[PDB]
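Engineer: Handing you this structure, nothing more for now.
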Amino acid sequence: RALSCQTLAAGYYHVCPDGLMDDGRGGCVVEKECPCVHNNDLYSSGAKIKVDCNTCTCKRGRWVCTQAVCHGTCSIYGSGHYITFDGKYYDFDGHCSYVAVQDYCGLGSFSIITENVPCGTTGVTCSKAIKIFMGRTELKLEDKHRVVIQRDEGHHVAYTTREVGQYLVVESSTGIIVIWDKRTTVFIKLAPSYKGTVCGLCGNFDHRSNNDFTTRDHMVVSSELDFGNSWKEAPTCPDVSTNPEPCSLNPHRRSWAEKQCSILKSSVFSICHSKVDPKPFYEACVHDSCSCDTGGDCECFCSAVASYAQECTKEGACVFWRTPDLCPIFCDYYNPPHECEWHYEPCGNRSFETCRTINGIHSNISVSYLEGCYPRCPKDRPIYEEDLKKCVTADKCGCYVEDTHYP
Amino acid sequence: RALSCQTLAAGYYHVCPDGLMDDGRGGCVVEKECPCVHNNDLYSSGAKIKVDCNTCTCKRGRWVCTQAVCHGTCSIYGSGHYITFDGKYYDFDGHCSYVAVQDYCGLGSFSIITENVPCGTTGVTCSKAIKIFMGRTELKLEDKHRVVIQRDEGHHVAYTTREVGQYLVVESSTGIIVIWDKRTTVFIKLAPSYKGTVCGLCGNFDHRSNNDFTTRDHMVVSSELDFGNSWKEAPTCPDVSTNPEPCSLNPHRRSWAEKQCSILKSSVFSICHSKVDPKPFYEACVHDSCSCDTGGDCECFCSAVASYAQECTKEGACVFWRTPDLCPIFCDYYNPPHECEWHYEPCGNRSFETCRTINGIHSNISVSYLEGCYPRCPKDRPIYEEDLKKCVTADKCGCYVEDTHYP
Amino acid sequence: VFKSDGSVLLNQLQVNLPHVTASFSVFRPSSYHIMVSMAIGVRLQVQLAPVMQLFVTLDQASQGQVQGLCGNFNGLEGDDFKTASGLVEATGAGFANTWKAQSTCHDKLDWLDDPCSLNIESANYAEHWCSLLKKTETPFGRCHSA
Amino acid sequence: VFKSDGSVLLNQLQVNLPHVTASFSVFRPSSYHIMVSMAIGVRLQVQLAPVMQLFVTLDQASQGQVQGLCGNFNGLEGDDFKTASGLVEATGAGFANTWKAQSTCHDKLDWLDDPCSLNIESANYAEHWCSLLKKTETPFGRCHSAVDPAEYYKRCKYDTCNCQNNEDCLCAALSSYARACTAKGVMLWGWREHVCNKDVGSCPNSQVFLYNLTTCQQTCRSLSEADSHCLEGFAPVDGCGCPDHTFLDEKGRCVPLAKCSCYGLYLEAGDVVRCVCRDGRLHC
Ligand SMILES: *[C@@H]1O[C@H](CO)[C@@H](O[C@@H]2O[C@H](CO)[C@@H](O)[C@H](O)[C@H]2NC(C)=O)[C@H](O)[C@H]1NC(C)=O
Ligand SMILES: *[C@@H]1O[C@H](CO)[C@@H](O[C@@H]2O[C@H](CO)[C@@H](O)[C@H](O)[C@H]2NC(C)=O)[C@H](O)[C@H]1NC(C)=O
Ligand SMILES: *[C@@H]1O[C@H](CO)[C@@H](O)[C@H](O)[C@H]1NC(C)=O
Ligand SMILES: [Ca+2]
Ligand SMILES: [Ca+2]
Ligand SMILES: [Ca+2]
Ligand SMILES: [Ca+2]
């Protein structure tokens with residue numbers, strides 16, 4: 001009988017005396033003061049960690065966590081890669097308009113459409129436009145900007161568009177949040193009131209992932225290509241009959257792709273290796289770089305390495321991976337000529353005063369993990385007015401009525 | 001699944017249809033009307049049999065019997081053979097006076113003593129006198145008669161002596177009954193108030209036979225010769241150190257003994273073979289006839305064959321085994337010169353009027369199984385007065401005060 | 001199943017000895033002896049040579065709680081011939097026909113004969129060698145005191 | 001205990017197979033396959049050649065009621081790395097160090113390498129033979145409509161480049177695509193003719209190599225019980241066996257049905273009890 005504070009719930013089937021047991025840290029410890037392990041770190045008793053909306057506590061070698069329900073996230077990224085709200089990864093290379101999320105599922109209040117076009121010559125497709133339908137308002141995310149289409153007469157569901165780092169962030173008062181890096185990566189977030197009431201290529205958000213491949217006619221199939229071909233918008237769009245292999249159709253681009261994308265499995269990201277699994281991000285980066293064969297492949301690369309480093313910040317590991325030779329960023333472009341306020345914050349974590357939040361206006365999620373260039377406004381005008389990218393005095397910023405900046 | 005009304009409680013481990021089952025009599029019978037078996041006879045439903053004081057009933061293939069407690073019987077017979085009140089057979093050939101039954105067991109009310117003398121030359125002993133101590137009255141059974149010794153002044157525990165067949169029967173008002181065939185066989189009976197309150201060579205009468213070999217100093221031994229040597233009355237009497245073998249010490253008497261005593265295992269007693277086990281009565285008869293080597297061995301024989309035929313009557317099988325060449329009986333000796341009233345009743349079963357029972361006086365046990373000569377009094381004086389062996393008119397019989405017949 | 005050639009078999013399948021389980025265990029120490037112990041309180045010893053014999057041992061906690069051809073184990077031996085439907089039988093072959101495990105077996109009866117009278121050639125061989133249990137020059141007189 | 005040479009042993013003592021009890025039963029139909037069925041709802045299949053593998057099957061009544069390295073079986077696969085003390089881990093080697101059955105075992109860590117880059121001589125052998133799972137001229141294109149071999153191909157290259165006996169890892173990974181294709185109806189009759197046929201022709205004189213060997217194709221001693229040990233619910237395996245008739249005798253070759261056996265000891269086909277020994281059944 002030699003217990004170990006890690007084999008408590010194993011069963012002791014097949015040093016410390018009777019009573020005391022090992023802790024994995026050092027000497028023999030009683031059962032009450034036993035520590036806890038989480039992602040290869042060792043936390044003593046009464047320690048506090050957060051898990052995405054909740055707070056936990058190492059009590060007696062076990063974790064005691066609060067039970068609140070967090071927001072759910074769908075991902076669309078690169079050359080046709082998906083993660084559903086329930087966490088199912090798949091690949092679909094379709095060339096039409098597809099339902100991403102909607103609640104017109106068998107009456108409804110929103111719809112989000114993705115427009116996937118061929119990017120390359122191998123037959124893989126990537127997402128190049130997002131259409132957001134909220135009631136009768138139609139936004140559209142296209143050509144690095146948001147466009148308002150068909151604003152209704154007096155309803156006007158309250159939405160907000162602002163720019164956080166390198167991404168554009170649309171939020172709605174009804175609980176719908178769309179985050180877009182202005183090229184191919186989209187993040188949709190829904191408030192936890194939408195549990196089990198959505199469908200599309202992002203699943204149905206009911207914390208059970210063996211029914212995310214439900215087709216439009218309410219049938220759970222096992223194929224990625226019978227599911228994804230049923231959410232196309234036009235009936236005359238073709239069916240995808242196989243998934244392409246880009247590094248087999250381009251044998252000459254494989255050696256560059258597997259050497260550039262090996263940063264993720266290297267010692268640069270070694271703080272995140274125990275917190276986020278790098279293996280589906282390595283395979284996405286190689287799939288993306290073998291297939292950008294018509295032009296601009298160092299943009300297909302730097303997006304795939306920033307999809308992994310974003311998860312690392314979100315889990316508690318800030319990694320600084322960019323150099324002047326590998327994916328450089330140009331943040332002193334935005335400075336007033338040589339007064340240096342715009343700095344590259346590699347993991348976003350800074351909470352400064354805008355001219356929204358000085359008047360109480362706050363968001364419903366935490367977007368303080370988004371990479372980009374952030375201001376550090378001086379002490380004669382310390383209030384950042386967002387719609388012009390200028391630091392202003394707290395009096396002279398603007399108006400913000402009907403989602404339009406008025407000076 | 002083929003049940004049989006005999007294998008009900010077996011378990012059916014290793015013809016009639018489902019439902020019905022065999023009865024051992026013939027065709028298939030339901031479970032409710034199933035018969036019963038007892039001593040190789042087959043009794044249908046609702047049949048009544050008696051077992052020694054009780055009454056049973058074949059109900060549903062099982063017996064439903066009443067629960068009353070019967071009298072208990074000790075036996076002493078032949079050349080040192082015993083049966084205790086709990087039914088344990090043993091042999092002891094002691095030459096002293098021995099305690100048969102008493103309740104002065106570690107203060108007391110009776111004692112029955114047996115006087116065992118050598119009968120033969122081989123060292124076996126048989127019982128030749130009985131002393132009955134009841135309070136302060138002392139009877140003694142000796143020389144084919146009862147003798148009153150020391151009748152106390154005013155207590156005089158009420159006893160009764162009468163002659164039933166070939167035996168002499170003493171009864172007491174306190175529940176003590178002694179039956180004596182005037183040679184060597186004794187039967188003691190106790191009322192069921194004496195349960196667990198006696199000791200001696202007859203055991204202790206508590207319906208549990210693995211403690212009948214309790215010695216005088218309250219020690220359960222496993223030897224027949226340490227138990228029996230502890231109930232001798234005088235300290236200067238010797239100890240019996242082995243049991244003799246008479247048919248080995250008399251090889252010339254074995255061929256006669258085993259041929260005469262083979263009546264018991266023969267077709268004469270074949271009605272009793274399923275009701276009383278003949279095997280310990282065959283072995284007693286051969287042990288008794290090899291050892292009556294000083295004179296009168298046809299008396300040692302005829303007593304051993306009448307010990308078995310008495311059990312047969314008691315269990316319901318009247319056998320007539322005597323002939324003019326084998327153990328004759330002389331019952332027309334008692335007749336008035338040639339008026340023929342005394343008949344040999346081989347199994348006793350006749351209930352006539354005496355001059356006791358015409359005045360209400362009745363016994364507490366049933367002695368109507370005792371072999372002997374019985375009267376059949378005529379129809380001008382049909383009342384048998386017992387103390388003179390005369391049939392008398394119902395008026396002129398006697399008095400019966402203080403256990404004495406007064407004409 | 002304990003056949004009379006060894007050949008212990010569990011559920012119509014041969015087993016290898018020893019065979020120790022959670023509720024019972026079967027041993028074989030001397031190739032003519034099988035020892036079976038149970039957690040309930042039942043112990044068996046099966047003899048295989050010269051002839052097959054069986055010895056069964058119960059604890060005294062199971063006293064008055066068994067039925068079979070071995071009696072009920074309550075201290076009295078007058079009621080061992082008591083059948084499972086009431087009353088005590090007289091003879092051993094009348095008691096034991098009530099414990100047939102098969103319904104198609106015939107009824108057996110006693111036999112009031114001795115075999116040493118039916119065979120004159122076997123009865124001198126039986127007398128000479130079984131008398132060694134009684135004479136004291138042999139190594140059987142040491143047990144005569146017990 | 002199921003050692004990797006056969007050698008099933010109960011409580012540190014060898015047992016003879018079959019072994020049928022009240023709560024479980026262990027079978028051995030094909031000498032490289034052990035089938036264990038339990039009355040609780042647990043079924044095991046232990047593979048012994050080329051490499052040792054294990055397959056476990058639970059009913060859907062035990063759904064959300066198990067813990068181990070096999071997850072908790074609740075429909076979601078995001079919480080399979082949830083440890084027995086709270087929270088979900090990130091990597092497989094961090095989850096699985098919480099299920100050590102011995103306290104004195106060291107902690108293991110992941111390995112972000114591929115074996116087909118560390119070995120240049122094994123990576124051409126892995127490419128040529130594991131590509132047969134993807135090309136349609138072979139008897140593996142029949143399963144491409146049901147099983148989608150793109151994830152078996154990635155593991156076939158993994159195990160072939162990694163282990164020291166590269167053919168035993170090839171033939172184990174090709175026999176796991178064929179195993180998981182017979183689970184969806186499509187059975188591959190005769191996929192071992194060019195690739196892993198080093199044991200096909202080594203069957204004995206009367207019995208041949210089969211692809212649908214099951215428990216209840218046994219001897220006539222199995223016909224004596226015929227309802228006690230059949231154990232439906234398993235998968236068919238590939239080994240040496242007898243054809244559509246001529247059931248297996250007591251030893252050696254498999255004679256036809258007329259003079260099989262009469263099983264007690266299995267008597268020959270000349271014995272009369274009054275039950276004459278006949279074809280399978282007895283006239284009793
Ligand atoms: C964050 O979520 C809350 C909760 O829904 C939003 O508050 C709603 O705002 C709309 C109009 O803006 C009202 O009609 C609702 O009644 C409000 N809800 C409640 C429960 O009072 C809030 O608008 C969201 N934040 C932002 C910035 O939009
Ligand atoms: C049969 O037994 C009864 C019951 O003991 C005897 O009745 C007793 O008789 C004596 C005197 O004869 C009385 O002192 C007792 O009180 C009686 N007992 C009861 C319970 O009343 C009866 O005497 C016995 N029969 C014979 C013939 O003696
Ligand atoms: C296996 O399949 C073959 C077909 O060639 C046939 O013998 C039968 O269907 C199966 N054999 C069995 C079940 O013994
Ligand atoms: Ca789902
Ligand atoms: Ca007693
Ligand atoms: Ca008993
Ligand atoms: Ca799960």
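Residue numbers start at 1 in each chain; chains themselves are named A, B, ... in the order of the structure tokens; ligands are numbered from 1 in the order shown.
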Chain C residues within 9 Å of chain D, counting only C-alpha atoms: which ones, as a PyMOL selection string?
Structural biologist: chain C and resi 10-21
Engineer: Please extract the residues at most 6 Å from ligand 7, counting only C-alpha atoms and all ligand atoms, and provide them as a list in words, using the chain letters and residue numbers of this document.
Structural biologist: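 Protein and nucleic-acid residues within 6 Å of ligand 7: residues 71, 72, 73, 74, 75, 76, 77, 79 and 80 of chain D.
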Engineer: Hey, which residues sit close to ligand 5? Say within 7 Å, counting only C-alpha atoms and all ligand atoms, and write them as a list in words.
Structural biologist: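 Those residues are residues 86, 203, 204, 205, 206, 207, 208, 209, 210, 211 and 212 of chain B.
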Engineer: Take the selection from the previous step and output its residues with N, CA, C and O atoms, as a PDB file, in the first residue's frame.
Structural biologist:
```pdb
ATOM      1  N   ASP B  86     -33.884 -42.077  24.594  1.00  0.00           N
ATOM      2  CA  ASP B  86     -33.642 -41.378  23.344  1.00  0.00           C
ATOM      3  C   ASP B  86     -33.237 -42.314  22.221  1.00  0.00           C
ATOM      4  O   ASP B  86     -32.900 -41.848  21.135  1.00  0.00           O
ATOM      5  N   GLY B 203     -30.270 -43.089  30.225  1.00  0.00           N
ATOM      6  CA  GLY B 203     -30.140 -41.774  29.646  1.00  0.00           C
ATOM      7  C   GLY B 203     -30.891 -40.721  30.432  1.00  0.00           C
ATOM      8  O   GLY B 203     -31.270 -40.917  31.583  1.00  0.00           O
ATOM      9  N   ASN B 204     -31.121 -39.581  29.778  1.00  0.00           N
ATOM     10  CA  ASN B 204     -31.725 -38.431  30.432  1.00  0.00           C
ATOM     11  C   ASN B 204     -32.980 -37.865  29.783  1.00  0.00           C
ATOM     12  O   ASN B 204     -33.499 -36.873  30.294  1.00  0.00           O
ATOM     13  N   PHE B 205     -33.465 -38.450  28.684  1.00  0.00           N
ATOM     14  CA  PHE B 205     -34.810 -38.226  28.132  1.00  0.00           C
ATOM     15  C   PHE B 205     -35.022 -36.762  27.728  1.00  0.00           C
ATOM     16  O   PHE B 205     -35.943 -36.082  28.164  1.00  0.00           O
ATOM     17  N   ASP B 206     -34.120 -36.274  26.871  1.00  0.00           N
ATOM     18  CA  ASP B 206     -34.228 -34.917  26.351  1.00  0.00           C
ATOM     19  C   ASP B 206     -34.202 -34.855  24.830  1.00  0.00           C
ATOM     20  O   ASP B 206     -33.840 -33.808  24.287  1.00  0.00           O
ATOM     21  N   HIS B 207     -34.557 -35.962  24.158  1.00  0.00           N
ATOM     22  CA  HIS B 207     -34.730 -36.028  22.703  1.00  0.00           C
ATOM     23  C   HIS B 207     -33.471 -35.610  21.953  1.00  0.00           C
ATOM     24  O   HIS B 207     -33.528 -34.865  20.977  1.00  0.00           O
ATOM     25  N   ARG B 208     -32.331 -36.099  22.420  1.00  0.00           N
ATOM     26  CA  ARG B 208     -31.025 -35.744  21.880  1.00  0.00           C
ATOM     27  C   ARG B 208     -30.080 -36.821  22.390  1.00  0.00           C
ATOM     28  O   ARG B 208     -29.811 -36.871  23.589  1.00  0.00           O
ATOM     29  N   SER B 209     -29.595 -37.695  21.513  1.00  0.00           N
ATOM     30  CA  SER B 209     -29.006 -38.941  21.981  1.00  0.00           C
ATOM     31  C   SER B 209     -27.491 -38.940  22.023  1.00  0.00           C
ATOM     32  O   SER B 209     -26.908 -39.978  22.328  1.00  0.00           O
ATOM     33  N   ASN B 210     -26.824 -37.830  21.723  1.00  0.00           N
ATOM     34  CA  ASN B 210     -25.374 -37.825  21.823  1.00  0.00           C
ATOM     35  C   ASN B 210     -24.887 -37.325  23.168  1.00  0.00           C
ATOM     36  O   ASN B 210     -23.747 -36.865  23.274  1.00  0.00           O
ATOM     37  N   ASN B 211     -25.730 -37.397  24.194  1.00  0.00           N
ATOM     38  CA  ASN B 211     -25.291 -37.162  25.559  1.00  0.00           C
ATOM     39  C   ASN B 211     -25.838 -38.201  26.527  1.00  0.00           C
ATOM     40  O   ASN B 211     -25.829 -37.968  27.733  1.00  0.00           O
ATOM     41  N   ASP B 212     -26.320 -39.339  26.026  1.00  0.00           N
ATOM     42  CA  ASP B 212     -26.820 -40.381  26.911  1.00  0.00           C
ATOM     43  C   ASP B 212     -25.717 -41.085  27.680  1.00  0.00           C
ATOM     44  O   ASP B 212     -26.003 -41.711  28.701  1.00  0.00           O
TER      45      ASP B 212
END
```
Engineer: So how far away is CA of residue 346 (chain B) from CA of residue 322 (chain B), in Å?
Structural biologist: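 Value for the CA of residue 322 (chain B)-CA of residue 346 (chain B) distance: 8.8 Å.
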Engineer: From region 106-316 of chain A, collect each residue whose DSSP state is strand (DSSP E or B) and return the set as a PyMOL selection string.
Structural biologist: chain A and resi 110-118+125-134+137-142+145-149+159-164+167-172+176-180+186-190+199+214+220+232
Engineer: Output C-alpha atoms for every residue in the selection just made, as a PDB file, in the first residue's frame.
Structural biologist:
```
ATOM      1  CA  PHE A 110     -30.779  34.838 -38.045  1.00  0.00           C
ATOM      2  CA  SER A 111     -28.592  33.262 -40.718  1.00  0.00           C
ATOM      3  CA  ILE A 112     -24.857  33.364 -41.463  1.00  0.00           C
ATOM      4  CA  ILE A 113     -23.708  32.382 -44.958  1.00  0.00           C
ATOM      5  CA  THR A 114     -20.176  31.665 -46.184  1.00  0.00           C
ATOM      6  CA  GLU A 115     -19.026  32.066 -49.801  1.00  0.00           C
ATOM      7  CA  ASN A 116     -16.324  29.557 -50.674  1.00  0.00           C
ATOM      8  CA  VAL A 117     -14.398  30.029 -53.931  1.00  0.00           C
ATOM      9  CA  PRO A 118     -11.447  28.080 -55.384  1.00  0.00           C
ATOM     10  CA  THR A 125     -11.683  26.081 -51.682  1.00  0.00           C
ATOM     11  CA  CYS A 126     -11.434  28.756 -49.007  1.00  0.00           C
ATOM     12  CA  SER A 127     -13.884  31.263 -47.558  1.00  0.00           C
ATOM     13  CA  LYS A 128     -13.849  34.755 -49.036  1.00  0.00           C
ATOM     14  CA  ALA A 129     -17.123  36.400 -47.959  1.00  0.00           C
ATOM     15  CA  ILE A 130     -19.525  36.326 -45.002  1.00  0.00           C
ATOM     16  CA  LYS A 131     -23.166  37.424 -45.137  1.00  0.00           C
ATOM     17  CA  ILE A 132     -24.911  38.104 -41.824  1.00  0.00           C
ATOM     18  CA  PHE A 133     -28.709  38.173 -41.806  1.00  0.00           C
ATOM     19  CA  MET A 134     -30.191  39.478 -38.547  1.00  0.00           C
ATOM     20  CA  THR A 137     -30.767  43.768 -41.605  1.00  0.00           C
ATOM     21  CA  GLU A 138     -28.119  42.302 -43.923  1.00  0.00           C
ATOM     22  CA  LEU A 139     -24.459  42.933 -43.288  1.00  0.00           C
ATOM     23  CA  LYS A 140     -21.781  41.622 -45.607  1.00  0.00           C
ATOM     24  CA  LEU A 141     -18.078  41.150 -44.902  1.00  0.00           C
ATOM     25  CA  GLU A 142     -16.247  41.552 -48.183  1.00  0.00           C
ATOM     26  CA  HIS A 145     -14.669  46.008 -44.955  1.00  0.00           C
ATOM     27  CA  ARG A 146     -18.213  45.686 -43.679  1.00  0.00           C
ATOM     28  CA  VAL A 147     -21.119  46.845 -45.862  1.00  0.00           C
ATOM     29  CA  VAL A 148     -24.650  47.585 -44.651  1.00  0.00           C
ATOM     30  CA  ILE A 149     -27.344  46.281 -47.007  1.00  0.00           C
ATOM     31  CA  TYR A 159     -25.341  45.627 -33.626  1.00  0.00           C
ATOM     32  CA  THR A 160     -21.837  47.059 -33.234  1.00  0.00           C
ATOM     33  CA  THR A 161     -18.779  46.888 -35.496  1.00  0.00           C
ATOM     34  CA  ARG A 162     -15.286  47.688 -34.213  1.00  0.00           C
ATOM     35  CA  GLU A 163     -11.728  46.646 -34.998  1.00  0.00           C
ATOM     36  CA  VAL A 164      -9.648  44.811 -32.394  1.00  0.00           C
ATOM     37  CA  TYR A 167      -9.492  41.366 -36.851  1.00  0.00           C
ATOM     38  CA  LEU A 168     -12.906  42.894 -37.423  1.00  0.00           C
ATOM     39  CA  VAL A 169     -15.492  42.163 -34.733  1.00  0.00           C
ATOM     40  CA  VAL A 170     -19.265  42.360 -35.221  1.00  0.00           C
ATOM     41  CA  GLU A 171     -21.403  41.937 -32.102  1.00  0.00           C
ATOM     42  CA  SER A 172     -25.184  41.854 -31.712  1.00  0.00           C
ATOM     43  CA  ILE A 176     -24.462  36.741 -31.961  1.00  0.00           C
ATOM     44  CA  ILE A 177     -20.756  37.556 -32.369  1.00  0.00           C
ATOM     45  CA  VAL A 178     -18.713  37.237 -35.582  1.00  0.00           C
ATOM     46  CA  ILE A 179     -14.917  37.675 -35.576  1.00  0.00           C
ATOM     47  CA  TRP A 180     -13.114  37.912 -38.909  1.00  0.00           C
ATOM     48  CA  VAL A 186     -13.991  33.369 -39.158  1.00  0.00           C
ATOM     49  CA  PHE A 187     -15.037  32.803 -35.540  1.00  0.00           C
ATOM     50  CA  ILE A 188     -18.756  32.708 -34.736  1.00  0.00           C
ATOM     51  CA  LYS A 189     -19.811  32.885 -31.082  1.00  0.00           C
ATOM     52  CA  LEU A 190     -23.311  32.339 -29.726  1.00  0.00           C
ATOM     53  CA  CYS A 199     -28.037  23.984 -37.586  1.00  0.00           C
ATOM     54  CA  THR A 214     -27.231  16.146 -39.517  1.00  0.00           C
ATOM     55  CA  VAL A 220     -27.462  11.974 -39.417  1.00  0.00           C
ATOM     56  CA  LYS A 232     -25.367  24.531 -50.281  1.00  0.00           C
TER      57      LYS A 232
END
```
Engineer: Hey, which residues come within 8 Å of ligand 6 if we count only C-alpha atoms and all ligand atoms? Could you give them as a list in words?
Structural biologist: residues 64, 71, 72, 73, 74, 75, 76, 77, 78, 79, 80 and 81 of chain C
Engineer: Out of B:262, B:366, B:184, B:173, which residue has the shortest atom-to-atom distance to ligand 2 when counting only C-alpha atoms and all ligand atoms?
Structural biologist: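 Using only C-alpha atoms and all ligand atoms, the shortest distance to ligand 2 belongs to B:173.
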Engineer: For region 183-200 of chain D, find every residue with an atom within 8 Å (counting only C-alpha atoms), except residues of its own chain fewer than 3 positions away, and show them as a PDB file with C-alpha atoms, in the first residue's frame.
Structural biologist:
```pdb
ATOM      1  CA  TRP D 129       2.646  -1.230 -49.352  1.00  0.00           C
ATOM      2  CA  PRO D 139      -9.336  -5.828 -52.971  1.00  0.00           C
ATOM      3  CA  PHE D 140      -9.445  -2.760 -50.729  1.00  0.00           C
ATOM      4  CA  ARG D 142     -14.528  -2.407 -52.333  1.00  0.00           C
ATOM      5  CA  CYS D 143     -14.475  -0.815 -48.868  1.00  0.00           C
ATOM      6  CA  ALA D 146     -18.007   2.696 -46.577  1.00  0.00           C
ATOM      7  CA  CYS D 171       0.140  -6.847 -41.778  1.00  0.00           C
ATOM      8  CA  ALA D 178     -10.213  -5.309 -43.217  1.00  0.00           C
ATOM      9  CA  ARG D 179     -11.530  -5.829 -39.685  1.00  0.00           C
ATOM     10  CA  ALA D 180     -13.346  -2.490 -39.539  1.00  0.00           C
ATOM     11  CA  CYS D 203      -2.906 -24.915 -42.756  1.00  0.00           C
ATOM     12  CA  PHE D 209      -7.671 -20.876 -44.697  1.00  0.00           C
ATOM     13  CA  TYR D 211     -12.076 -15.465 -43.637  1.00  0.00           C
ATOM     14  CA  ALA D 235     -17.009 -10.660 -35.165  1.00  0.00           C
TER      15      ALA D 235
END
```
Engineer: Taking into account only C-alpha atoms and all ligand atoms, which residue in the set A:202, A:304, A:240, A:158 is nearest to ligand 4?
Structural biologist: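 Of the candidates, the smallest distance to ligand 4 is held by A:202.
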Engineer: Taking only C-alpha atoms into account, what are the residues of chain A at most 8 Å from chain D, put as a PyMOL selection string?
Structural biologist: chain A and resi 2-4+6-7+9-14+38-40+61-65+86-87+207-210+265+274-277+279
Engineer: Residues within 10 Å of residue 89 (chain A), please, as a list in words. Count only C-alpha atoms; anything in the same chain fewer than 5 positions from it doesn't count.
Structural biologist: residues 75, 81, 82, 83, 84 and 280 of chain A
Engineer: Only N, CA, C and O atoms, please: the residues just picked out, written as a short mmCIF file (atom, residue, chain, number, x, y, z; two decimals), in the first residue's frame.
Structural biologist:
```cif
data_model
loop_
_atom_site.label_atom_id
_atom_site.label_comp_id
_atom_site.auth_asym_id
_atom_site.auth_seq_id
_atom_site.Cartn_x
_atom_site.Cartn_y
_atom_site.Cartn_z
N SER A 75 -15.54 27.50 -35.88
CA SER A 75 -14.39 28.00 -36.62
C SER A 75 -14.47 27.59 -38.09
O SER A 75 -14.92 26.49 -38.41
N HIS A 81 -11.38 24.13 -43.57
CA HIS A 81 -11.25 23.43 -42.31
C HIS A 81 -12.32 23.95 -41.37
O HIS A 81 -12.58 25.15 -41.32
N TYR A 82 -12.92 23.05 -40.60
CA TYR A 82 -14.05 23.39 -39.74
C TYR A 82 -13.84 22.83 -38.35
O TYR A 82 -13.15 21.83 -38.16
N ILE A 83 -14.42 23.52 -37.37
CA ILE A 83 -14.58 23.02 -36.01
C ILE A 83 -16.00 23.40 -35.60
O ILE A 83 -16.36 24.57 -35.66
N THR A 84 -16.81 22.42 -35.21
CA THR A 84 -18.19 22.75 -34.89
C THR A 84 -18.29 23.26 -33.45
O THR A 84 -17.32 23.28 -32.71
N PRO A 280 -3.19 18.97 -35.17
CA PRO A 280 -4.09 19.39 -36.25
C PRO A 280 -3.81 20.78 -36.80
O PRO A 280 -4.47 21.17 -37.77
#
```
Engineer: Would you kindly return, as a ChimeraX atom specification, each protein, DNA or RNA residue with an atom no farther than 10 Å from any atom of residue 278 (chain D), considering only C-alpha atoms and excluding same-chain residues fewer than 3 positions away?
Structural biologist: /D:257-262,268-272,275,281-283
Engineer: Figure out the distance between CA of residue 92 (chain B) and CA of residue 234 (chain B), please, to one decimal in Å.
Structural biologist: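 Taking CA of residue 234 (chain B) as the start and CA of residue 92 (chain B) as the end point, the length is 16.9 Å.
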